[PDB]
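structure.tsv follows (TSV, N, CA, C and O atoms):
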chain	number	residue	atom	x	y	z
R	1	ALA	N	0.86	-1.22	0.00
R	1	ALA	CA	0.00	0.00	0.00
R	1	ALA	C	0.88	1.25	0.00
R	1	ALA	O	1.44	1.62	1.01
R	2	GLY	N	1.01	1.90	-1.13
R	2	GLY	CA	1.86	3.12	-1.19
R	2	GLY	C	1.87	3.66	-2.62
R	2	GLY	O	2.92	3.95	-3.18
R	3	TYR	N	0.73	3.79	-3.23
R	3	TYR	CA	0.68	4.31	-4.62
R	3	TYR	C	0.59	5.84	-4.60
R	3	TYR	O	-0.24	6.41	-3.92
R	4	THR	N	1.44	6.50	-5.34
R	4	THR	CA	1.40	7.99	-5.36
R	4	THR	C	0.97	8.46	-6.75
R	4	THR	O	1.15	7.77	-7.73
R	5	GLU	N	0.41	9.63	-6.83
R	5	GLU	CA	-0.03	10.15	-8.16
R	5	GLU	C	1.10	9.99	-9.18
R	5	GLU	O	0.88	9.66	-10.32
R	6	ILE	N	2.31	10.24	-8.76
R	6	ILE	CA	3.46	10.11	-9.71
R	6	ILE	C	3.53	8.68	-10.25
R	6	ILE	O	3.46	8.45	-11.44
R	7	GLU	N	3.68	7.70	-9.39
R	7	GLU	CA	3.75	6.30	-9.86
R	7	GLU	C	2.64	6.04	-10.88
R	7	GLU	O	2.90	5.69	-12.02
R	8	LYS	N	1.41	6.21	-10.48
R	8	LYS	CA	0.28	5.98	-11.43
R	8	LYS	C	0.53	6.75	-12.72
R	8	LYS	O	0.25	6.27	-13.80
R	9	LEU	N	1.05	7.94	-12.62
R	9	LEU	CA	1.31	8.74	-13.85
R	9	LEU	C	2.37	8.04	-14.70
R	9	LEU	O	2.24	7.93	-15.91
R	10	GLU	N	3.42	7.57	-14.09
R	10	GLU	CA	4.50	6.88	-14.86
R	10	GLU	C	3.90	5.70	-15.63
R	10	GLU	O	4.00	5.62	-16.84
R	11	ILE	N	3.29	4.77	-14.94
R	11	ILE	CA	2.70	3.59	-15.63
R	11	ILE	C	1.55	4.04	-16.54
R	11	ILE	O	1.60	3.89	-17.74
R	12	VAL	N	0.52	4.58	-15.96
R	12	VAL	CA	-0.65	5.03	-16.77
R	12	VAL	C	-0.18	5.66	-18.08
R	12	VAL	O	-0.81	5.50	-19.11
R	13	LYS	N	0.89	6.40	-18.06
R	13	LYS	CA	1.35	7.05	-19.32
R	13	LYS	C	2.12	6.06	-20.20
R	13	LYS	O	2.01	6.08	-21.41
R	14	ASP	N	2.93	5.21	-19.62
R	14	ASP	CA	3.73	4.26	-20.45
R	14	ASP	C	2.89	3.04	-20.87
R	14	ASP	O	2.78	2.72	-22.03
R	15	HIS	N	2.32	2.35	-19.91
R	15	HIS	CA	1.52	1.12	-20.23
R	15	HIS	C	0.43	1.39	-21.27
R	15	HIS	O	0.15	0.56	-22.11
R	16	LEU	N	-0.22	2.52	-21.22
R	16	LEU	CA	-1.31	2.78	-22.20
R	16	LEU	C	-0.90	2.33	-23.62
R	16	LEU	O	-1.72	1.85	-24.37
R	17	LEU	N	0.33	2.51	-24.01
R	17	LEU	CA	0.73	2.12	-25.40
R	17	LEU	C	0.99	0.61	-25.51
R	17	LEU	O	0.37	-0.06	-26.31
R	18	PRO	N	1.91	0.06	-24.74
R	18	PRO	CA	2.23	-1.40	-24.82
R	18	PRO	C	1.10	-2.28	-24.28
R	18	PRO	O	0.68	-3.23	-24.92
R	19	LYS	N	0.62	-1.99	-23.11
R	19	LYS	CA	-0.48	-2.82	-22.53
R	19	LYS	C	-1.63	-2.94	-23.54
R	19	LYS	O	-1.77	-3.94	-24.21
R	20	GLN	N	-2.45	-1.93	-23.64
R	20	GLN	CA	-3.59	-1.98	-24.59
R	20	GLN	C	-3.15	-2.61	-25.92
R	20	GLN	O	-3.78	-3.53	-26.42
R	21	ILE	N	-2.09	-2.12	-26.50
R	21	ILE	CA	-1.62	-2.68	-27.80
R	21	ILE	C	-1.48	-4.21	-27.71
R	21	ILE	O	-1.78	-4.92	-28.64
R	22	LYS	N	-1.01	-4.72	-26.60
R	22	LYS	CA	-0.84	-6.20	-26.48
R	22	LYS	C	-2.21	-6.88	-26.37
R	22	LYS	O	-2.72	-7.42	-27.34
R	23	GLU	N	-2.80	-6.89	-25.21
R	23	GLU	CA	-4.12	-7.55	-25.06
R	23	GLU	C	-4.96	-7.27	-26.30
R	23	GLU	O	-5.66	-8.12	-26.81
R	24	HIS	N	-4.90	-6.06	-26.79
R	24	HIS	CA	-5.68	-5.71	-28.01
R	24	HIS	C	-4.92	-6.19	-29.24
R	24	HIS	O	-5.50	-6.67	-30.19
R	25	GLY	N	-3.62	-6.08	-29.22
R	25	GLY	CA	-2.80	-6.53	-30.38
R	25	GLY	C	-3.37	-7.83	-30.94
R	25	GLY	O	-3.36	-8.06	-32.13
R	26	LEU	N	-3.85	-8.69	-30.09
R	26	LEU	CA	-4.41	-9.99	-30.58
R	26	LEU	C	-5.13	-9.75	-31.91
R	26	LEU	O	-5.03	-10.54	-32.83
R	27	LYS	N	-5.84	-8.66	-32.03
R	27	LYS	CA	-6.54	-8.37	-33.31
R	27	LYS	C	-5.71	-7.36	-34.10
R	27	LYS	O	-4.88	-6.66	-33.55
R	28	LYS	N	-5.91	-7.26	-35.39
R	28	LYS	CA	-5.12	-6.29	-36.19
R	28	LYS	C	-4.96	-4.99	-35.39
R	28	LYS	O	-5.89	-4.54	-34.74
R	29	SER	N	-3.80	-4.40	-35.43
R	29	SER	CA	-3.59	-3.13	-34.67
R	29	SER	C	-4.89	-2.33	-34.64
R	29	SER	O	-5.18	-1.57	-35.55
R	30	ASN	N	-5.67	-2.49	-33.61
R	30	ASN	CA	-6.96	-1.75	-33.53
R	30	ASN	C	-6.96	-0.84	-32.30
R	30	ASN	O	-7.79	-0.98	-31.42
R	31	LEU	N	-6.04	0.08	-32.22
R	31	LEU	CA	-6.00	0.99	-31.04
R	31	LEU	C	-5.20	2.26	-31.37
R	31	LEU	O	-4.03	2.20	-31.67
R	32	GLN	N	-5.83	3.40	-31.29
R	32	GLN	CA	-5.11	4.67	-31.58
R	32	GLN	C	-5.67	5.78	-30.68
R	32	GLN	O	-6.35	6.68	-31.14
R	33	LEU	N	-5.41	5.70	-29.41
R	33	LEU	CA	-5.94	6.74	-28.48
R	33	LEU	C	-4.94	7.88	-28.34
R	33	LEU	O	-3.85	7.84	-28.88
R	34	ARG	N	-5.30	8.89	-27.60
R	34	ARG	CA	-4.38	10.04	-27.40
R	34	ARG	C	-4.08	10.20	-25.91
R	34	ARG	O	-4.75	9.63	-25.07
R	35	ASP	N	-3.09	10.98	-25.57
R	35	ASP	CA	-2.76	11.18	-24.13
R	35	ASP	C	-3.87	11.99	-23.46
R	35	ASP	O	-4.36	11.65	-22.40
R	36	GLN	N	-4.28	13.07	-24.08
R	36	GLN	CA	-5.36	13.91	-23.49
R	36	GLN	C	-6.51	13.02	-23.01
R	36	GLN	O	-7.10	13.26	-21.98
R	37	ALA	N	-6.83	12.00	-23.76
R	37	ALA	CA	-7.95	11.11	-23.35
R	37	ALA	C	-7.61	10.41	-22.03
R	37	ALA	O	-8.21	10.67	-21.01
R	38	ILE	N	-6.65	9.52	-22.05
R	38	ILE	CA	-6.28	8.80	-20.79
R	38	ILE	C	-6.31	9.77	-19.61
R	38	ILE	O	-6.78	9.43	-18.53
R	39	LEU	N	-5.82	10.97	-19.78
R	39	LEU	CA	-5.83	11.94	-18.65
R	39	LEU	C	-7.25	12.45	-18.41
R	39	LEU	O	-7.67	12.63	-17.28
R	40	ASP	N	-7.99	12.69	-19.45
R	40	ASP	CA	-9.38	13.19	-19.29
R	40	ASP	C	-10.23	12.13	-18.58
R	40	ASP	O	-10.71	12.35	-17.49
R	41	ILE	N	-10.40	10.99	-19.18
R	41	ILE	CA	-11.22	9.93	-18.53
R	41	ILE	C	-10.86	9.84	-17.04
R	41	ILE	O	-11.63	10.22	-16.18
R	42	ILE	N	-9.69	9.33	-16.73
R	42	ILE	CA	-9.29	9.21	-15.30
R	42	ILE	C	-9.59	10.52	-14.56
R	42	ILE	O	-10.02	10.51	-13.42
R	43	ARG	N	-9.35	11.64	-15.18
R	43	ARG	CA	-9.62	12.94	-14.51
R	43	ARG	C	-11.11	13.05	-14.15
R	43	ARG	O	-11.46	13.55	-13.10
R	44	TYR	N	-11.97	12.59	-15.01
R	44	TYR	CA	-13.43	12.68	-14.72
R	44	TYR	C	-13.81	11.59	-13.72
R	44	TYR	O	-14.61	11.80	-12.82
R	45	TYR	N	-13.26	10.42	-13.87
R	45	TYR	CA	-13.59	9.31	-12.93
R	45	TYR	C	-12.69	9.38	-11.70
R	45	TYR	O	-13.17	9.49	-10.58
R	46	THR	N	-11.40	9.32	-11.88
R	46	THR	CA	-10.49	9.38	-10.71
R	46	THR	C	-11.00	8.43	-9.62
R	46	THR	O	-10.52	8.42	-8.51
R	47	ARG	N	-11.98	7.63	-9.95
R	47	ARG	CA	-12.54	6.68	-8.95
R	47	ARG	C	-11.81	5.34	-9.06
R	47	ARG	O	-11.74	4.75	-10.12
R	48	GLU	N	-11.25	4.85	-7.98
R	48	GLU	CA	-10.53	3.55	-8.05
R	48	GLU	C	-9.87	3.25	-6.71
R	48	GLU	O	-9.76	4.10	-5.85
R	49	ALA	N	-9.42	2.03	-6.52
R	49	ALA	CA	-8.76	1.66	-5.24
R	49	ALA	C	-7.39	1.06	-5.56
R	49	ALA	O	-6.93	0.15	-4.89
R	50	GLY	N	-6.74	1.55	-6.58
R	50	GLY	CA	-5.40	1.01	-6.95
R	50	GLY	C	-5.22	1.15	-8.46
R	50	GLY	O	-6.17	1.27	-9.20
R	51	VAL	N	-4.00	1.15	-8.92
R	51	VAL	CA	-3.76	1.29	-10.38
R	51	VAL	C	-4.37	0.11	-11.13
R	51	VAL	O	-4.99	0.27	-12.16
R	52	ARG	N	-4.21	-1.08	-10.62
R	52	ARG	CA	-4.79	-2.27	-11.31
R	52	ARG	C	-6.17	-1.91	-11.86
R	52	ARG	O	-6.45	-2.07	-13.03
R	53	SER	N	-7.04	-1.41	-11.02
R	53	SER	CA	-8.40	-1.04	-11.50
R	53	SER	C	-8.28	0.05	-12.56
R	53	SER	O	-8.84	-0.05	-13.63
R	54	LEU	N	-7.54	1.09	-12.28
R	54	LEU	CA	-7.38	2.17	-13.28
R	54	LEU	C	-7.06	1.54	-14.63
R	54	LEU	O	-7.80	1.67	-15.58
R	55	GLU	N	-5.96	0.85	-14.72
R	55	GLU	CA	-5.60	0.19	-16.00
R	55	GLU	C	-6.82	-0.55	-16.53
R	55	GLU	O	-7.09	-0.55	-17.72
R	56	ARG	N	-7.57	-1.17	-15.66
R	56	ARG	CA	-8.78	-1.90	-16.12
R	56	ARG	C	-9.76	-0.92	-16.76
R	56	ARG	O	-10.39	-1.22	-17.76
R	57	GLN	N	-9.90	0.25	-16.20
R	57	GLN	CA	-10.84	1.24	-16.78
R	57	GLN	C	-10.36	1.60	-18.19
R	57	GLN	O	-11.12	1.59	-19.14
R	58	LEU	N	-9.10	1.90	-18.33
R	58	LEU	CA	-8.56	2.24	-19.68
R	58	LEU	C	-8.77	1.05	-20.61
R	58	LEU	O	-9.33	1.17	-21.68
R	59	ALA	N	-8.34	-0.12	-20.21
R	59	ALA	CA	-8.53	-1.31	-21.07
R	59	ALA	C	-10.01	-1.43	-21.42
R	59	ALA	O	-10.38	-1.77	-22.52
R	60	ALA	N	-10.87	-1.14	-20.47
R	60	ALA	CA	-12.33	-1.23	-20.73
R	60	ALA	C	-12.70	-0.35	-21.93
R	60	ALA	O	-13.29	-0.80	-22.89
R	61	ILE	N	-12.35	0.91	-21.89
R	61	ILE	CA	-12.69	1.80	-23.04
R	61	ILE	C	-11.95	1.32	-24.29
R	61	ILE	O	-12.50	1.25	-25.37
R	62	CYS	N	-10.69	1.00	-24.15
R	62	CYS	CA	-9.90	0.53	-25.33
R	62	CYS	C	-10.62	-0.64	-26.00
R	62	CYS	O	-11.16	-0.51	-27.08
R	63	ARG	N	-10.63	-1.79	-25.38
R	63	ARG	CA	-11.32	-2.96	-26.00
R	63	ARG	C	-12.77	-2.61	-26.30
R	63	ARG	O	-13.25	-2.83	-27.39
R	64	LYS	N	-13.48	-2.04	-25.35
R	64	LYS	CA	-14.89	-1.67	-25.62
R	64	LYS	C	-14.95	-1.11	-27.04
R	64	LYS	O	-15.86	-1.38	-27.80
R	65	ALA	N	-13.95	-0.36	-27.39
R	65	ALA	CA	-13.89	0.21	-28.76
R	65	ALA	C	-13.53	-0.92	-29.74
R	65	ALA	O	-14.04	-0.99	-30.83
R	66	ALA	N	-12.65	-1.80	-29.33
R	66	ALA	CA	-12.26	-2.92	-30.23
R	66	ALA	C	-13.51	-3.70	-30.65
R	66	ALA	O	-13.66	-4.08	-31.79
R	67	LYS	N	-14.41	-3.93	-29.73
R	67	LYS	CA	-15.65	-4.68	-30.08
R	67	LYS	C	-16.32	-4.01	-31.28
R	67	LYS	O	-16.83	-4.67	-32.17
R	68	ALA	N	-16.32	-2.71	-31.31
R	68	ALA	CA	-16.95	-1.99	-32.45
R	68	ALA	C	-16.31	-2.44	-33.77
R	68	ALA	O	-16.66	-1.98	-34.83
R	69	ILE	N	-15.37	-3.35	-33.69
R	69	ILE	CA	-14.71	-3.84	-34.94
R	69	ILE	C	-15.77	-4.11	-36.00
R	69	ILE	O	-15.46	-4.35	-37.16
R	70	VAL	N	-17.02	-4.08	-35.63
R	70	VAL	CA	-18.10	-4.35	-36.62
R	70	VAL	C	-18.52	-3.03	-37.28
R	70	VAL	O	-19.66	-2.84	-37.65
R	71	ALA	N	-17.60	-2.11	-37.42
R	71	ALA	CA	-17.95	-0.80	-38.05
R	71	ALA	C	-17.93	-0.96	-39.57
R	71	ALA	O	-17.87	-2.05	-40.09
R	72	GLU	N	-17.98	0.14	-40.29
R	72	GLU	CA	-17.96	0.05	-41.77
R	72	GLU	C	-16.63	-0.54	-42.23
R	72	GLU	O	-16.57	-1.65	-42.74
R	73	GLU	N	-15.56	0.18	-42.07
R	73	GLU	CA	-14.23	-0.34	-42.50
R	73	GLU	C	-13.12	0.56	-41.95
R	73	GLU	O	-11.96	0.39	-42.26
R	74	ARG	N	-13.47	1.52	-41.13
R	74	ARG	CA	-12.44	2.42	-40.56
R	74	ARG	C	-11.48	1.62	-39.69
R	74	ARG	O	-11.82	1.18	-38.61
R	75	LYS	N	-10.27	1.41	-40.15
R	75	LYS	CA	-9.29	0.63	-39.35
R	75	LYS	C	-8.70	1.52	-38.26
R	75	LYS	O	-8.86	2.72	-38.27
R	76	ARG	N	-8.02	0.93	-37.31
R	76	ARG	CA	-7.42	1.74	-36.21
R	76	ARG	C	-8.51	2.58	-35.54
R	76	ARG	O	-8.97	3.56	-36.07
R	77	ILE	N	-8.92	2.20	-34.36
R	77	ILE	CA	-9.97	2.98	-33.65
R	77	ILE	C	-9.33	4.18	-32.96
R	77	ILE	O	-8.49	4.04	-32.09
R	78	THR	N	-9.71	5.37	-33.35
R	78	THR	CA	-9.11	6.58	-32.72
R	78	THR	C	-9.91	6.95	-31.47
R	78	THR	O	-11.10	7.16	-31.52
R	79	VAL	N	-9.26	7.03	-30.34
R	79	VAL	CA	-9.97	7.39	-29.09
R	79	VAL	C	-9.51	8.77	-28.62
R	79	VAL	O	-8.91	8.91	-27.58
R	80	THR	N	-9.81	9.79	-29.38
R	80	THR	CA	-9.39	11.16	-28.98
R	80	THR	C	-10.14	11.57	-27.71
R	80	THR	O	-10.79	10.76	-27.08
R	81	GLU	N	-10.07	12.81	-27.34
R	81	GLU	CA	-10.79	13.26	-26.12
R	81	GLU	C	-12.30	13.28	-26.40
R	81	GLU	O	-13.11	13.16	-25.51
R	82	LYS	N	-12.67	13.41	-27.65
R	82	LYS	CA	-14.12	13.42	-28.00
R	82	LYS	C	-14.65	11.99	-28.00
R	82	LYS	O	-15.48	11.62	-27.20
R	83	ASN	N	-14.15	11.17	-28.88
R	83	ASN	CA	-14.62	9.75	-28.92
R	83	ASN	C	-14.65	9.19	-27.50
R	83	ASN	O	-15.55	8.46	-27.13
R	84	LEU	N	-13.67	9.53	-26.70
R	84	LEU	CA	-13.64	9.03	-25.30
R	84	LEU	C	-15.05	9.05	-24.71
R	84	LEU	O	-15.46	8.14	-24.03
R	85	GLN	N	-15.79	10.09	-24.98
R	85	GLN	CA	-17.18	10.17	-24.43
R	85	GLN	C	-18.07	9.15	-25.15
R	85	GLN	O	-18.76	8.37	-24.52
R	86	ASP	N	-18.05	9.14	-26.45
R	86	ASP	CA	-18.90	8.17	-27.20
R	86	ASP	C	-18.67	6.76	-26.64
R	86	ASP	O	-19.60	6.00	-26.45
R	87	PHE	N	-17.44	6.41	-26.39
R	87	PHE	CA	-17.15	5.05	-25.84
R	87	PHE	C	-17.65	4.96	-24.40
R	87	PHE	O	-18.51	4.17	-24.08
R	88	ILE	N	-17.12	5.78	-23.53
R	88	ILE	CA	-17.56	5.74	-22.11
R	88	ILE	C	-19.06	6.05	-22.03
R	88	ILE	O	-19.82	5.32	-21.43
R	89	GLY	N	-19.48	7.13	-22.62
R	89	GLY	CA	-20.93	7.49	-22.57
R	89	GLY	C	-21.35	7.71	-21.12
R	89	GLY	O	-21.36	6.79	-20.32
R	90	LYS	N	-21.68	8.92	-20.77
R	90	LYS	CA	-22.09	9.20	-19.36
R	90	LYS	C	-20.85	9.33	-18.48
R	90	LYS	O	-19.79	8.83	-18.81
R	91	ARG	N	-20.96	10.01	-17.37
R	91	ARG	CA	-19.78	10.17	-16.48
R	91	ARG	C	-20.23	10.13	-15.02
R	91	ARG	O	-21.33	9.72	-14.71
R	92	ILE	N	-19.38	10.55	-14.12
R	92	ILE	CA	-19.76	10.54	-12.68
R	92	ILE	C	-19.75	11.97	-12.14
R	92	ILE	O	-20.77	12.48	-11.70
R	93	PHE	N	-18.63	12.63	-12.18
R	93	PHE	CA	-18.56	14.03	-11.68
R	93	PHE	C	-18.99	14.98	-12.79
R	93	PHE	O	-18.37	15.05	-13.84
R	94	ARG	N	-20.05	15.72	-12.58
R	94	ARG	CA	-20.51	16.67	-13.64
R	94	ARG	C	-19.89	18.04	-13.40
R	94	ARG	O	-20.40	18.85	-12.65
R	95	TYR	N	-18.78	18.32	-14.04
R	95	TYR	CA	-18.12	19.64	-13.85
R	95	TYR	C	-18.07	19.98	-12.36
R	95	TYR	O	-19.03	20.47	-11.79
Please lay out the structure from this file as structure tokens.
Amino acid sequence: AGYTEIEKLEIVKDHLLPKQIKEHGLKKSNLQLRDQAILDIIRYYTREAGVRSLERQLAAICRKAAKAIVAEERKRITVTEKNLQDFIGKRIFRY
């Protein structure tokens, strides 16, 4: 028990690329999110009891988007700060 905002920032920022890319890598490179997003989502939720869960929240939106693989043909799912809402849909803290 000793997680600090910095630690979470180090991993949350690095793992977002390799982690998601791996578990998701299983399917054709289907992941193209931005940093502003990872920071925005967590910033709106910030709800969690450890990084493990946090990473789970990111993976949730990431793959949740992978499922949409049934789209027209747009390859690489872009999860900018806007799409982030379309995927998550709804939030907890309202401004």
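Computed from the coordinates, the atom C of residue 47 of chain R to atom O of residue 29 of chain R distance equals 28.2 Å.
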I'd like to know which residues of chain R are helix (DSSP H, G or I) (by DSSP, run on the backbone); could you write them as a PyMOL selection string?
chain R and resi 5-15+18-25+35-45+51-70+83-88
What are the centre and the three edge lengths of an axis-aligned box that wraps all atoms of segment 75-80 of chain R in the file, given that 8 Å is added to every side, written as AutoDock Vina command-line options and rounded to one decimal in Å?
--center_x -9.3 --center_y 6.1 --center_z -33.6 --size_x 19.7 --size_y 26.9 --size_z 29.1
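Picture a line from atom O of residue 90 of chain R to atom CA of residue 69 of chain R; it runs 21.1 Å.
Of note, atom CA of residue 20 of chain R and atom CA of residue 60 of chain R are spaced 9.6 Å apart.
The residue that comes closest to residue 59 of chain R, out of R:19, R:35, R:28, R:76 and on the basis of only N, CA, C and O atoms, is R:19.
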For residue 87 of chain R, find every residue with an atom within 7 Å (counting all atoms listed in the file), except residues of its own chain fewer than 2 positions away, and show them as a VMD selection string.
chain R and resid 61 64 to 65 82 to 85 89 to 90
Using only C-alpha atoms, can you tell me which of R:43, R:74, R:53, R:22 comes closest to residue 95 of chain R?
R:43
Taking only residues of segment 52-88 of chain R that have an atom at most 8 Å from an atom of segment 2-18 of chain R, what is each one's shortest atom pair and its distance in Å to one decimal, using all atoms listed in the file, in chain and number order, as CSV?
residue,atom,partner,partner_atom,distance
R:54,C,R:12,CA,7.6
R:55,CA,R:12,CA,7.0
R:58,CA,R:16,CA,7.7
R:59,N,R:16,CA,7.9
Quick one: of R:30, R:36, R:78, R:46, who's nearest to residue 63 of chain R, counting only N, CA, C and O atoms?
R:30
From a backbone DSSP assignment, name each residue in chain R labelled strand (DSSP E), as number ranges by chain.
R: 32-33, 78-79
Select, from R:45, R:67, R:75, R:57, the residue with the minimum atom-to-atom distance to residue 94 of chain R, counting only C-alpha atoms.
R:45
